[PDB]
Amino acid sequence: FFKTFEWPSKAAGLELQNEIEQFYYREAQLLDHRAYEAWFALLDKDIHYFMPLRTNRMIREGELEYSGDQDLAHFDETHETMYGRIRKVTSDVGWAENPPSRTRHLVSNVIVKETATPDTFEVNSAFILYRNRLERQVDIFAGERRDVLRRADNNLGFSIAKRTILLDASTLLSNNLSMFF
């Protein structure tokens, strides 16, 4: 259902390119240093935070690789349910992240596209999420993020309106997804 990101033939301006990249780099810093309240503040009221299931299909049935909007997902969240996730992760009795993990969000491959709304941008990016916890536990994630970002008066310059995380996995190799993407 997803296929190649429809990049604009005319590439985004250097100033805009730099701003979006810098937004992600700041966001990664917020996540890796567990500033969850500050990261959640970036989420707009109408946020759709979504991570579909990915399956092994024969090329002939390739249209069925990703789960749909009425199927199960790894994440299918709104502002209200995300708040609860932030509530849990910051909680002393939240055993999955207390002691907390050690994450690295290495962001690259940023492609910026204009939408039909001015100052709203559709951004395609790639990441490797390295998660280390307890003594020896290491979980490496890779995939892409398809975002809808809005210009905003905040510390980072943008707010998140939509996030679809396309993970390079069928079966998850991690015991949980106690980290934010």
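Between two forms, the rigid core is the largest collection of C-alphas that superpose within 1.5 Å. In this text, residue numbers run from 1 along the sequence as written.
Trainee: Return whichever of 114-122 or 32-40 has the larger RMS Cα deviation from the displayed form in 8 other deposited structures of this protein, where every structure is aligned on the rigid core.
Mentor: Of 114-122 and 32-40, the stretch deviating more in 8 other deposited structures of this protein is 114-122.
Trainee: Where does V93 sit by CA temperature factor within its chain: lowest, middle or highest third?
Mentor: As the PDB entry reports it, the C-alpha B-factor of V93 lands in the highest third of its chain.
Trainee: Divide the modelled residues of the chain into thirds by Cα B-factor and specify which third, lowest, middle or highest, holds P52.
Mentor: Lowest third.
Trainee: What third of its chain's C-alpha B-factors does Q137 belong to: lowest, middle or highest?
Mentor: Ranked within chain, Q137 CA B lands in the lowest tercile.
Trainee: Grab the CA temperature factor for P118 from the record and place it in the lowest, middle or highest third of its chain.
Mentor: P118: CA B-factor falls in the highest third of its chain.
Trainee: Lowest, middle or highest third: where is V148 by C-alpha B factor in its chain?
Mentor: It belongs to the middle third of the chain when residues are ordered by C-alpha B-factor.
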